[PDB]
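*Asks:* Got a structure for you, input32.pdb, holding PDB, C-alpha atoms and all ligand atoms.
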ATOM      1  CA  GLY I 395      88.270 103.256 110.702  1.00  0.00           C
ATOM      2  CA  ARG I 396      91.478 103.917 108.780  1.00  0.00           C
ATOM      3  CA  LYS I 397      93.519 103.561 112.029  1.00  0.00           C
ATOM      4  CA  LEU I 398      97.202 104.037 111.111  1.00  0.00           C
ATOM      5  CA  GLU I 399      96.908 103.542 107.355  1.00  0.00           C
ATOM      6  CA  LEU I 400      98.029 106.298 105.010  1.00  0.00           C
ATOM      7  CA  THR I 401      97.662 106.966 101.285  1.00  0.00           C
ATOM      8  CA  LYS I 402      99.578 104.482  99.136  1.00  0.00           C
ATOM      9  CA  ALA I 403     102.477 105.933  97.164  1.00  0.00           C
ATOM     10  CA  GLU I 404     102.293 105.971  93.387  1.00  0.00           C
ATOM     11  CA  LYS I 405     103.755 103.253  91.178  1.00  0.00           C
ATOM     12  CA  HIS I 406     105.300 104.560  87.974  1.00  0.00           C
ATOM     13  CA  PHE I 407     105.759 108.236  87.275  1.00  0.00           C
ATOM     14  CA  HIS I 408     102.872 109.195  84.978  1.00  0.00           C
ATOM     15  CA  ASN I 409     102.520 112.418  86.972  1.00  0.00           C
ATOM     16  CA  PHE I 410     103.880 115.915  87.675  1.00  0.00           C
ATOM     17  CA  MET I 411     105.253 116.226  84.162  1.00  0.00           C
ATOM     18  CA  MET I 412     102.599 118.926  83.930  1.00  0.00           C
ATOM     19  CA  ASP I 413     105.532 120.935  85.271  1.00  0.00           C
ATOM     20  CA  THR I 414     107.015 122.033  81.946  1.00  0.00           C
ATOM     21  CA  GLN I 415     110.462 122.489  83.524  1.00  0.00           C
ATOM     22  CA  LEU I 416     110.585 118.899  84.819  1.00  0.00           C
ATOM     23  CA  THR I 417     109.611 117.406  81.463  1.00  0.00           C
ATOM     24  CA  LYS I 418     112.126 119.618  79.637  1.00  0.00           C
ATOM     25  CA  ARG I 419     114.792 118.553  82.161  1.00  0.00           C
ATOM     26  CA  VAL I 420     113.880 114.845  81.783  1.00  0.00           C
ATOM     27  CA  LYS I 421     114.063 114.850  77.995  1.00  0.00           C
ATOM     28  CA  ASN I 422     117.283 116.857  77.731  1.00  0.00           C
ATOM     29  CA  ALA I 423     118.979 114.764  80.419  1.00  0.00           C
ATOM     30  CA  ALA I 424     117.694 111.448  79.017  1.00  0.00           C
ATOM     31  CA  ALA I 425     118.900 112.386  75.532  1.00  0.00           C
ATOM     32  CA  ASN I 426     122.299 113.221  77.012  1.00  0.00           C
ATOM     33  CA  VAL I 427     122.398 109.809  78.760  1.00  0.00           C
ATOM     34  CA  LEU I 428     121.756 108.208  75.365  1.00  0.00           C
ATOM     35  CA  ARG I 429     124.370 110.480  73.793  1.00  0.00           C
ATOM     36  CA  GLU I 430     127.193 109.822  76.245  1.00  0.00           C
ATOM     37  CA  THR I 431     126.456 106.087  76.542  1.00  0.00           C
ATOM     38  CA  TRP I 432     126.797 105.794  72.759  1.00  0.00           C
ATOM     39  CA  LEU I 433     129.953 107.938  72.640  1.00  0.00           C
ATOM     40  CA  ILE I 434     131.654 106.047  75.472  1.00  0.00           C
ATOM     41  CA  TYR I 435     130.836 102.659  73.946  1.00  0.00           C
ATOM     42  CA  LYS I 436     132.042 103.788  70.510  1.00  0.00           C
ATOM     43  CA  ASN I 437     135.252 105.222  71.988  1.00  0.00           C
ATOM     44  CA  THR I 438     136.057 102.064  73.967  1.00  0.00           C
ATOM     45  CA  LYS I 439     134.749  99.183  71.804  1.00  0.00           C
ATOM     46  CA  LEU I 440     134.373 100.438  68.214  1.00  0.00           C
ATOM     47  CA  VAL I 441     137.821 101.991  67.693  1.00  0.00           C
ATOM     48  CA  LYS I 442     141.225 100.469  67.136  1.00  0.00           C
ATOM     49  CA  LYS I 443     143.006 102.741  69.650  1.00  0.00           C
ATOM     50  CA  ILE I 444     141.186 104.070  72.709  1.00  0.00           C
ATOM     51  CA  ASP I 445     141.611 107.825  73.189  1.00  0.00           C
ATOM     52  CA  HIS I 446     141.502 108.054  76.969  1.00  0.00           C
ATOM     53  CA  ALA I 447     140.948 111.830  77.123  1.00  0.00           C
ATOM     54  CA  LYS I 448     137.895 111.415  74.886  1.00  0.00           C
ATOM     55  CA  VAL I 449     136.567 108.715  77.215  1.00  0.00           C
ATOM     56  CA  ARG I 450     137.112 110.858  80.287  1.00  0.00           C
ATOM     57  CA  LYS I 451     135.274 113.737  78.641  1.00  0.00           C
ATOM     58  CA  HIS I 452     132.233 111.607  77.861  1.00  0.00           C
ATOM     59  CA  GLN I 453     132.393 109.976  81.294  1.00  0.00           C
ATOM     60  CA  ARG I 454     132.002 113.446  82.835  1.00  0.00           C
ATOM     61  CA  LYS I 455     129.048 114.295  80.605  1.00  0.00           C
ATOM     62  CA  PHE I 456     127.555 110.812  81.228  1.00  0.00           C
ATOM     63  CA  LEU I 457     127.657 111.082  85.018  1.00  0.00           C
ATOM     64  CA  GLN I 458     126.260 114.600  84.743  1.00  0.00           C
ATOM     65  CA  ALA I 459     123.279 113.348  82.691  1.00  0.00           C
ATOM     66  CA  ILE I 460     122.672 110.280  84.873  1.00  0.00           C
ATOM     67  CA  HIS I 461     122.578 112.385  88.036  1.00  0.00           C
ATOM     68  CA  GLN I 462     120.291 115.005  86.444  1.00  0.00           C
ATOM     69  CA  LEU I 463     117.888 112.162  85.711  1.00  0.00           C
ATOM     70  CA  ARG I 464     118.214 110.991  89.319  1.00  0.00           C
ATOM     71  CA  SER I 465     117.513 114.474  90.645  1.00  0.00           C
ATOM     72  CA  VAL I 466     114.322 114.643  88.516  1.00  0.00           C
ATOM     73  CA  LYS I 467     113.260 111.203  89.843  1.00  0.00           C
ATOM     74  CA  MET I 468     113.798 112.288  93.456  1.00  0.00           C
ATOM     75  CA  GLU I 469     111.915 115.553  92.890  1.00  0.00           C
ATOM     76  CA  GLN I 470     108.940 113.586  91.503  1.00  0.00           C
ATOM     77  CA  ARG I 471     108.973 111.363  94.561  1.00  0.00           C
ATOM     78  CA  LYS I 472     109.061 114.432  96.826  1.00  0.00           C
ATOM     79  CA  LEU I 473     106.170 116.056  94.931  1.00  0.00           C
ATOM     80  CA  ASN I 474     104.131 112.860  95.221  1.00  0.00           C
ATOM     81  CA  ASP I 475     104.642 112.645  98.971  1.00  0.00           C
ATOM     82  CA  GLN I 476     103.807 116.336  99.339  1.00  0.00           C
ATOM     83  CA  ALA I 477     100.534 115.624  97.533  1.00  0.00           C
ATOM     84  CA  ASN I 478      99.980 112.461  99.571  1.00  0.00           C
ATOM     85  CA  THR I 479     100.379 114.650 102.663  1.00  0.00           C
ATOM     86  CA  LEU I 480      97.401 116.761 101.616  1.00  0.00           C
ATOM     87  CA  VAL I 481      95.393 113.672 100.627  1.00  0.00           C
ATOM     88  CA  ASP I 482      96.165 112.130 104.032  1.00  0.00           C
ATOM     89  CA  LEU I 483      95.123 115.359 105.765  1.00  0.00           C
ATOM     90  CA  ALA I 484      91.867 115.523 103.773  1.00  0.00           C
ATOM     91  CA  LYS I 485      91.223 111.870 104.609  1.00  0.00           C
ATOM     92  CA  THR I 486      91.142 112.617 108.358  1.00  0.00           C
ATOM     93  CA  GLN I 487      87.594 113.930 107.789  1.00  0.00           C
ATOM     94  CA  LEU I 488      86.428 110.398 106.916  1.00  0.00           C
ATOM     95  CA  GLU I 489      86.668 109.386 110.612  1.00  0.00           C
TER
ATOM     96  CA  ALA G   2      88.385 105.579  91.718  1.00  0.00           C
ATOM     97  CA  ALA G   3      84.659 106.238  92.307  1.00  0.00           C
ATOM     98  CA  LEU G   4      83.649 108.257  95.369  1.00  0.00           C
ATOM     99  CA  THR G   5      80.821 107.414  97.742  1.00  0.00           C
ATOM    100  CA  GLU G   6      78.375 110.273  98.343  1.00  0.00           C
ATOM    101  CA  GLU G   7      79.156 109.965 102.065  1.00  0.00           C
ATOM    102  CA  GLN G   8      82.740 110.857 101.219  1.00  0.00           C
ATOM    103  CA  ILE G   9      81.721 113.846  99.071  1.00  0.00           C
ATOM    104  CA  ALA G  10      80.249 115.747 102.026  1.00  0.00           C
ATOM    105  CA  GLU G  11      83.336 114.589 103.940  1.00  0.00           C
ATOM    106  CA  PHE G  12      85.850 116.203 101.591  1.00  0.00           C
ATOM    107  CA  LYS G  13      83.915 119.489 101.574  1.00  0.00           C
ATOM    108  CA  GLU G  14      84.740 119.700 105.267  1.00  0.00           C
ATOM    109  CA  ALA G  15      88.321 118.865 104.283  1.00  0.00           C
ATOM    110  CA  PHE G  16      88.286 121.668 101.699  1.00  0.00           C
ATOM    111  CA  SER G  17      88.011 124.248 104.493  1.00  0.00           C
ATOM    112  CA  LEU G  18      91.197 123.002 106.172  1.00  0.00           C
ATOM    113  CA  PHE G  19      92.801 124.282 102.926  1.00  0.00           C
ATOM    114  CA  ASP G  20      90.746 127.287 101.744  1.00  0.00           C
ATOM    115  CA  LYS G  21      92.078 129.554 104.485  1.00  0.00           C
ATOM    116  CA  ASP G  22      89.758 132.430 103.445  1.00  0.00           C
ATOM    117  CA  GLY G  23      86.585 130.607 102.376  1.00  0.00           C
ATOM    118  CA  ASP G  24      87.388 131.840  98.871  1.00  0.00           C
ATOM    119  CA  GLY G  25      86.047 128.749  97.161  1.00  0.00           C
ATOM    120  CA  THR G  26      89.545 128.197  95.754  1.00  0.00           C
ATOM    121  CA  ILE G  27      92.898 127.080  97.136  1.00  0.00           C
ATOM    122  CA  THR G  28      95.886 129.209  96.095  1.00  0.00           C
ATOM    123  CA  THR G  29      99.596 128.457  96.388  1.00  0.00           C
ATOM    124  CA  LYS G  30      99.919 130.871  99.317  1.00  0.00           C
ATOM    125  CA  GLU G  31      97.255 128.989 101.281  1.00  0.00           C
ATOM    126  CA  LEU G  32      98.733 125.610 100.320  1.00  0.00           C
ATOM    127  CA  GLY G  33     102.100 126.841 101.572  1.00  0.00           C
ATOM    128  CA  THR G  34     100.572 127.974 104.859  1.00  0.00           C
ATOM    129  CA  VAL G  35      98.915 124.567 105.306  1.00  0.00           C
ATOM    130  CA  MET G  36     102.021 122.604 104.262  1.00  0.00           C
ATOM    131  CA  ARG G  37     104.173 124.647 106.647  1.00  0.00           C
ATOM    132  CA  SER G  38     101.697 124.046 109.488  1.00  0.00           C
ATOM    133  CA  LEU G  39     102.280 120.322 108.894  1.00  0.00           C
ATOM    134  CA  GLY G  40     106.030 120.798 109.275  1.00  0.00           C
ATOM    135  CA  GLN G  41     106.969 120.809 105.597  1.00  0.00           C
ATOM    136  CA  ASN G  42     108.738 123.452 103.510  1.00  0.00           C
ATOM    137  CA  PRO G  43     107.742 123.134  99.843  1.00  0.00           C
ATOM    138  CA  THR G  44     109.193 125.691  97.471  1.00  0.00           C
ATOM    139  CA  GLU G  45     107.048 128.059  95.415  1.00  0.00           C
ATOM    140  CA  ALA G  46     107.569 125.849  92.341  1.00  0.00           C
ATOM    141  CA  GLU G  47     106.569 122.707  94.237  1.00  0.00           C
ATOM    142  CA  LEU G  48     103.339 124.446  95.306  1.00  0.00           C
ATOM    143  CA  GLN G  49     102.607 125.570  91.737  1.00  0.00           C
ATOM    144  CA  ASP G  50     103.232 122.006  90.534  1.00  0.00           C
ATOM    145  CA  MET G  51     100.838 120.601  93.132  1.00  0.00           C
ATOM    146  CA  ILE G  52      98.126 123.010  91.983  1.00  0.00           C
ATOM    147  CA  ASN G  53      98.979 122.482  88.328  1.00  0.00           C
ATOM    148  CA  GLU G  54      98.448 118.747  88.410  1.00  0.00           C
ATOM    149  CA  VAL G  55      94.943 119.380  89.809  1.00  0.00           C
ATOM    150  CA  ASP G  56      93.906 122.647  88.091  1.00  0.00           C
ATOM    151  CA  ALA G  57      91.593 121.473  85.321  1.00  0.00           C
ATOM    152  CA  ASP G  58      90.546 124.870  83.962  1.00  0.00           C
ATOM    153  CA  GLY G  59      94.018 126.376  84.292  1.00  0.00           C
ATOM    154  CA  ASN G  60      93.109 129.464  86.336  1.00  0.00           C
ATOM    155  CA  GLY G  61      96.006 128.818  88.751  1.00  0.00           C
ATOM    156  CA  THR G  62      93.895 127.803  91.785  1.00  0.00           C
ATOM    157  CA  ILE G  63      92.075 124.665  92.985  1.00  0.00           C
ATOM    158  CA  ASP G  64      88.296 124.658  93.292  1.00  0.00           C
ATOM    159  CA  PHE G  65      86.345 122.081  95.265  1.00  0.00           C
ATOM    160  CA  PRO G  66      85.513 120.249  91.988  1.00  0.00           C
ATOM    161  CA  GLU G  67      89.218 119.772  91.178  1.00  0.00           C
ATOM    162  CA  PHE G  68      90.011 119.078  94.825  1.00  0.00           C
ATOM    163  CA  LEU G  69      87.296 116.467  95.129  1.00  0.00           C
ATOM    164  CA  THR G  70      88.214 114.894  91.793  1.00  0.00           C
ATOM    165  CA  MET G  71      91.881 114.471  92.747  1.00  0.00           C
ATOM    166  CA  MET G  72      90.938 112.657  95.975  1.00  0.00           C
ATOM    167  CA  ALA G  73      89.151 109.956  93.960  1.00  0.00           C
ATOM    168  CA  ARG G  74      92.447 108.929  92.336  1.00  0.00           C
ATOM    169  CA  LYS G  75      94.246 108.419  95.679  1.00  0.00           C
ATOM    170  CA  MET G  76      91.787 106.660  97.984  1.00  0.00           C
ATOM    171  CA  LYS G  77      93.962 103.535  98.174  1.00  0.00           C
ATOM    172  CA  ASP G  78      95.641 103.199 101.599  1.00  0.00           C
ATOM    173  CA  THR G  79      98.438 100.940 102.835  1.00  0.00           C
ATOM    174  CA  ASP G  80      99.567  99.962 106.318  1.00  0.00           C
ATOM    175  CA  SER G  81     102.370 101.876 108.033  1.00  0.00           C
ATOM    176  CA  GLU G  82     103.765  99.066 110.200  1.00  0.00           C
ATOM    177  CA  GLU G  83     107.284  99.230 108.755  1.00  0.00           C
ATOM    178  CA  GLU G  84     107.492 103.038 108.819  1.00  0.00           C
ATOM    179  CA  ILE G  85     106.450 103.102 112.461  1.00  0.00           C
ATOM    180  CA  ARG G  86     109.002 100.405 113.278  1.00  0.00           C
ATOM    181  CA  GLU G  87     111.657 102.595 111.638  1.00  0.00           C
ATOM    182  CA  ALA G  88     110.660 105.585 113.814  1.00  0.00           C
ATOM    183  CA  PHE G  89     111.256 103.414 116.897  1.00  0.00           C
ATOM    184  CA  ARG G  90     114.576 102.254 115.424  1.00  0.00           C
ATOM    185  CA  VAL G  91     115.764 105.893 115.559  1.00  0.00           C
ATOM    186  CA  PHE G  92     116.027 105.379 119.334  1.00  0.00           C
ATOM    187  CA  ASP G  93     117.490 101.856 119.216  1.00  0.00           C
ATOM    188  CA  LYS G  94     120.976 102.983 120.258  1.00  0.00           C
ATOM    189  CA  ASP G  95     122.569  99.516 119.990  1.00  0.00           C
ATOM    190  CA  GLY G  96     120.545  98.417 116.950  1.00  0.00           C
ATOM    191  CA  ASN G  97     119.499  95.267 118.832  1.00  0.00           C
ATOM    192  CA  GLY G  98     115.747  95.638 118.351  1.00  0.00           C
ATOM    193  CA  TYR G  99     115.196  96.674 121.989  1.00  0.00           C
ATOM    194  CA  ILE G 100     114.639 100.021 123.665  1.00  0.00           C
ATOM    195  CA  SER G 101     114.646 100.037 127.446  1.00  0.00           C
ATOM    196  CA  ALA G 102     111.543 101.275 129.214  1.00  0.00           C
ATOM    197  CA  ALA G 103     113.650 103.927 130.933  1.00  0.00           C
ATOM    198  CA  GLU G 104     114.920 105.151 127.561  1.00  0.00           C
ATOM    199  CA  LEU G 105     111.458 105.148 126.025  1.00  0.00           C
ATOM    200  CA  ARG G 106     110.234 107.262 128.970  1.00  0.00           C
ATOM    201  CA  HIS G 107     113.184 109.609 128.451  1.00  0.00           C
ATOM    202  CA  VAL G 108     112.338 109.973 124.764  1.00  0.00           C
ATOM    203  CA  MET G 109     108.583 110.415 125.176  1.00  0.00           C
ATOM    204  CA  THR G 110     108.901 112.977 127.968  1.00  0.00           C
ATOM    205  CA  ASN G 111     111.594 115.136 126.307  1.00  0.00           C
ATOM    206  CA  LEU G 112     111.317 114.956 122.486  1.00  0.00           C
ATOM    207  CA  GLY G 113     108.588 116.068 120.089  1.00  0.00           C
ATOM    208  CA  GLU G 114     105.249 117.237 121.483  1.00  0.00           C
ATOM    209  CA  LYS G 115     105.815 114.909 124.496  1.00  0.00           C
ATOM    210  CA  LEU G 116     103.592 112.946 126.867  1.00  0.00           C
ATOM    211  CA  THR G 117     102.938 113.311 130.562  1.00  0.00           C
ATOM    212  CA  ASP G 118     104.660 110.840 132.862  1.00  0.00           C
ATOM    213  CA  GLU G 119     101.210 109.363 133.515  1.00  0.00           C
ATOM    214  CA  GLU G 120     100.540 108.924 129.779  1.00  0.00           C
ATOM    215  CA  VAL G 121     103.938 107.281 129.350  1.00  0.00           C
ATOM    216  CA  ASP G 122     103.106 104.859 132.183  1.00  0.00           C
ATOM    217  CA  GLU G 123     100.169 103.476 130.230  1.00  0.00           C
ATOM    218  CA  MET G 124     102.220 103.304 127.028  1.00  0.00           C
ATOM    219  CA  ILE G 125     105.068 101.362 128.674  1.00  0.00           C
ATOM    220  CA  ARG G 126     102.577  99.030 130.389  1.00  0.00           C
ATOM    221  CA  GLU G 127     101.358  97.990 126.911  1.00  0.00           C
ATOM    222  CA  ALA G 128     104.792  98.219 125.273  1.00  0.00           C
ATOM    223  CA  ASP G 129     106.796  96.098 127.760  1.00  0.00           C
ATOM    224  CA  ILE G 130     104.983  92.866 126.886  1.00  0.00           C
ATOM    225  CA  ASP G 131     107.360  90.570 128.769  1.00  0.00           C
ATOM    226  CA  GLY G 132     107.554  92.762 131.887  1.00  0.00           C
ATOM    227  CA  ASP G 133     111.351  92.758 131.634  1.00  0.00           C
ATOM    228  CA  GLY G 134     111.889  96.514 131.406  1.00  0.00           C
ATOM    229  CA  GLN G 135     112.669  96.267 127.683  1.00  0.00           C
ATOM    230  CA  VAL G 136     110.540  97.131 124.653  1.00  0.00           C
ATOM    231  CA  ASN G 137     110.772  94.834 121.663  1.00  0.00           C
ATOM    232  CA  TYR G 138     109.445  97.526 119.419  1.00  0.00           C
ATOM    233  CA  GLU G 139     108.710  95.348 116.387  1.00  0.00           C
ATOM    234  CA  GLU G 140     106.367  93.244 118.541  1.00  0.00           C
ATOM    235  CA  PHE G 141     104.816  96.327 120.152  1.00  0.00           C
ATOM    236  CA  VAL G 142     104.352  97.951 116.723  1.00  0.00           C
ATOM    237  CA  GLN G 143     102.785  94.738 115.443  1.00  0.00           C
ATOM    238  CA  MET G 144     100.330  94.772 118.347  1.00  0.00           C
ATOM    239  CA  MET G 145      99.280  98.365 117.669  1.00  0.00           C
ATOM    240  CA  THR G 146      98.834  97.880 113.899  1.00  0.00           C
ATOM    241  CA  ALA G 147      96.763  94.678 114.229  1.00  0.00           C
TER
HETATM  242 CA    CA I 501      91.196 130.758  99.056  1.00  0.00          CA
HETATM  243 CA    CA I 502      90.799 125.894  89.116  1.00  0.00          CA
END
What is this structure when it is put down as structure tokens?
*Replies:*
Amino acid sequence: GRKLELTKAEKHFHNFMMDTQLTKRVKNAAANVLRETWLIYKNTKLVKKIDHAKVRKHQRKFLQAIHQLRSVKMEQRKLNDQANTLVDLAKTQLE
Amino acid sequence: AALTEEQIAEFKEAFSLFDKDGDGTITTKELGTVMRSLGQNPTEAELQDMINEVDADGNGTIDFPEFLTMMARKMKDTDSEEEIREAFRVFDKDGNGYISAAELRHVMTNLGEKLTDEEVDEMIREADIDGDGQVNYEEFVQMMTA
């Protein structure tokens, strides 16, 4: 029988974006990562004099967007394991 | 991702572990009841998301057709050797890869659902491979997952 094996966890994240909130969150946060990465790079490497307050501002918005993306990624992993819990429970009828 | 007919009758029995009222559909309230009986605490949104990734027709509940279809995409299993080793490591106070037999008896007779002292005797007899009063839990876990 299956013994101590359990359902294998999913590879990439082609799932649970049926949640409209998660996909809205991903795309707003990803766009803001793109936005603040650009603005930080421009304000440190494409200007003659670095305006340090500008850089700090966009560093705050950058870390905010990166961590929003992280929190979506962790929520997707939690949702997948919650679903794998039910799959694993259903699979106990195969014995 | 193609189900044997054997397994179809199997998952119908599984469906009743979930359809707490024989409704023919699984709702979020039943899914929450089941999830909580397995020691988990999903939020209302997490339950709706679980249903929503399976609900083909979009009526907010899971029928046996959508239940049975979603099993077909997750039949692949993998071994749990490393996860079980990590559960043992929880009790490896010195992080030296050993748990004493006395300590394993203390854990198994006091934490979780527990075992009887007789049950623990058989477990330690298997677990203490070298008869030295110490459990090399990676080796013991490897023996049980063989
Ligand atoms: Ca029902
Ligand atoms: Ca449905």
*Asks:* So that I can check the surroundings of region 403-414 of chain I, please list as a list in words every protein, DNA and RNA residue that reaches within 8 Å of it, counting all atoms listed in the file and ignoring chain neighbours fewer than 4 positions away.
*Replies:* residues 418, 470, 473, 474, 475 and 478 of chain I; 50, 51, 53 and 54 of chain G
*Asks:* Which residues come within 12 Å of residue 421 (chain I), counting all atoms listed in the file, excluding same-chain residues fewer than 6 positions away, as a list in words?
*Replies:* residues 411, 414, 415, 427, 428, 429, 459, 460, 462, 463 and 466 of chain I
*Asks:* Export, as a PDB file, in the frame of the given file, the selected residues with C-alpha atoms.
*Replies:*
ATOM      1  CA  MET I 411     105.253 116.226  84.162  1.00  0.00           C
ATOM      2  CA  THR I 414     107.015 122.033  81.946  1.00  0.00           C
ATOM      3  CA  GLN I 415     110.462 122.489  83.524  1.00  0.00           C
ATOM      4  CA  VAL I 427     122.398 109.809  78.760  1.00  0.00           C
ATOM      5  CA  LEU I 428     121.756 108.208  75.365  1.00  0.00           C
ATOM      6  CA  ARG I 429     124.370 110.480  73.793  1.00  0.00           C
ATOM      7  CA  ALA I 459     123.279 113.348  82.691  1.00  0.00           C
ATOM      8  CA  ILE I 460     122.672 110.280  84.873  1.00  0.00           C
ATOM      9  CA  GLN I 462     120.291 115.005  86.444  1.00  0.00           C
ATOM     10  CA  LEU I 463     117.888 112.162  85.711  1.00  0.00           C
ATOM     11  CA  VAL I 466     114.322 114.643  88.516  1.00  0.00           C
TER      12      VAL I 466
END
*Asks:* Find the axis-aligned box for region 122-137 of chain G, covering all its listed atoms and adding 3 Å on each side, and write its centre and edge lengths in Å to one decimal as JSON.
*Replies:*
{"center_x": 106.4, "center_y": 97.7, "center_z": 126.9, "size_x": 18.5, "size_y": 20.3, "size_z": 16.5}
*Asks:* Do you have the CA of residue 16 (chain G)-CA of residue 81 (chain G) distance handy?
*Replies:*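 Atom-to-atom, CA of residue 16 (chain G) to CA of residue 81 (chain G), that is 25.1 Å.
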*Asks:* Pick out the chain G residues within 7 Å of chain I. Count only C-alpha atoms. Give them as number ranges by chain.
*Replies:* G: 8, 11-12, 14-15, 47, 50-51, 53-54, 72, 75-81, 146
*Asks:* For ligand CA 502 (chain I), which residue among G:46, G:105, G:52, G:4 is the nearest when counting all atoms listed in the file?
*Replies:*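 Comparing G:46, G:105, G:52, G:4 against ligand CA 502 (chain I), the winner is G:52.
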*Asks:* Return as a list in words every polymer residue, whether protein, DNA or RNA, with at least one atom no more than 9 Å from an atom of ligand CA 502 (chain I); count only C-alpha atoms and all ligand atoms.
*Replies:*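 Based on only C-alpha atoms and all ligand atoms, ligand CA 502 (chain I) is surrounded within 9 Å by residues 26, 27, 52, 53, 55, 56, 57, 58, 59, 60, 61, 62, 63, 64, 65, 66, 67 and 68 of chain G.
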*Asks:* Quick one: apply the PyMOL selection byres (((not hetatm)) within 8 of (chain I and resi 501)) to the file and drop the selected residues here as a JSON list (two decimals) with C-alpha atoms, keeping the file's coordinate frame.
*Replies:*
[["chain", "number", "residue", "atom", "x", "y", "z"],
["G", 19, "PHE", "CA", 92.80, 124.28, 102.93],
["G", 20, "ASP", "CA", 90.75, 127.29, 101.74],
["G", 21, "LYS", "CA", 92.08, 129.55, 104.48],
["G", 22, "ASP", "CA", 89.76, 132.43, 103.44],
["G", 23, "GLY", "CA", 86.58, 130.61, 102.38],
["G", 24, "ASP", "CA", 87.39, 131.84, 98.87],
["G", 25, "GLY", "CA", 86.05, 128.75, 97.16],
["G", 26, "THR", "CA", 89.54, 128.20, 95.75],
["G", 27, "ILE", "CA", 92.90, 127.08, 97.14],
["G", 28, "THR", "CA", 95.89, 129.21, 96.10],
["G", 31, "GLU", "CA", 97.26, 128.99, 101.28]]
*Asks:* What does the distance between CA of residue 426 (chain I) and CA of residue 45 (chain G) come to in Å, to one decimal place?
*Replies:* 28.1 Å
*Asks:* Mind pulling up the distance from CA of residue 456 (chain I) to CA of residue 443 (chain I)?
*Replies:*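 So the answer is 20.9 Å.
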*Asks:* Determine the residue set returned by the PyMOL selection byres (((chain I and resi 433) around 12) and not hetatm) for the present structure, and present it as a ChimeraX atom specification.
*Replies:* /I:426-432,434-441,444-445,448-456
